[PDB]
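Here the protein sequences line up with chains j and a, keeping their order.
If you're matching positions, the first sequence starts at 418 in PDB author numbering and goes up one per residue.
If you're matching positions, the second sequence starts at 470 in PDB author numbering and goes up one per residue.
Using N, Cα and C, we set each Cβ at its ideal position, and we do this for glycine too.
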Amino acid sequence: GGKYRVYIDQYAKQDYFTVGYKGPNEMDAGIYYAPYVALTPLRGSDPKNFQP
Amino acid sequence: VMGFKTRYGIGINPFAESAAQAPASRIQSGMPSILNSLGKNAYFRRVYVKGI
Numbered sequence: 418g419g420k421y422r423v424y425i426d427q428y429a430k431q432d433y434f435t436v437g438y439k440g441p442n443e444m445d446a447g448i449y450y451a452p453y454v455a456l457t458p459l460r461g462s463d464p465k466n467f468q469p
Numbered sequence: 470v471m472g473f474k475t476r477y478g479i480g481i482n483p484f485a486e487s488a489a490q491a492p493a494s495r496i497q498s499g500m501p502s503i504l505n506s507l508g509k510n511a512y513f514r515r516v517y518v519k520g521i
């Protein structure tokens with residue numbers, strides 16, 4: 418209706434929908450995702466056999 | 470810690486044995502062995518020498 422952003426839960430367990438609210442501020446969401454760091458590569462090797 | 474590595478395989482000429490009309494099973498190894506080429510390779514001949 419030009420009102421609700423509809424998304425698909427591709428893994429819905431059976432068949433349902435959830436209506437929710439997200440206002441313009443980050444404090445109007447009800448839930449927060451708070452990344453600190455991400456995808457820090459883990460790199461090295463083991464010279465005994467020189468594998469990465 | 471340090472060292473080095475190579476890869477090159479090994480093989481022979483398909484007709485090198487010159488001792489058969491054809492090889493068993495229409496498929497063989499090209500890698501020389503006791504059952505494949507020892508004492509059989511037509512491209513080479515050895516003679517021992519004594520008494521110079």
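Spatially closest choice to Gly447 (chain j) from j:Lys430, j:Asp426, j:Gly437, by CA coordinates: j:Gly437
If contact is defined by three or more beta carbon pairs under 8 angstroms, each pair taking one atom from either stretch, is the region 506 to 515 of chain a in contact with the region 483 to 497 of chain a? yes
Please indicate yes or no: does the CB of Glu486 (chain a) lie closer than 7 angstroms to some heavy atom of the ligand HEM? By its list of ligands, the structure shown contains no ligand whatsoever, and the ligand HEM lies outside what it can speak to.
Straight-line Cα distance separating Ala455 (chain j) from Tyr433 (chain j): 32 angstroms
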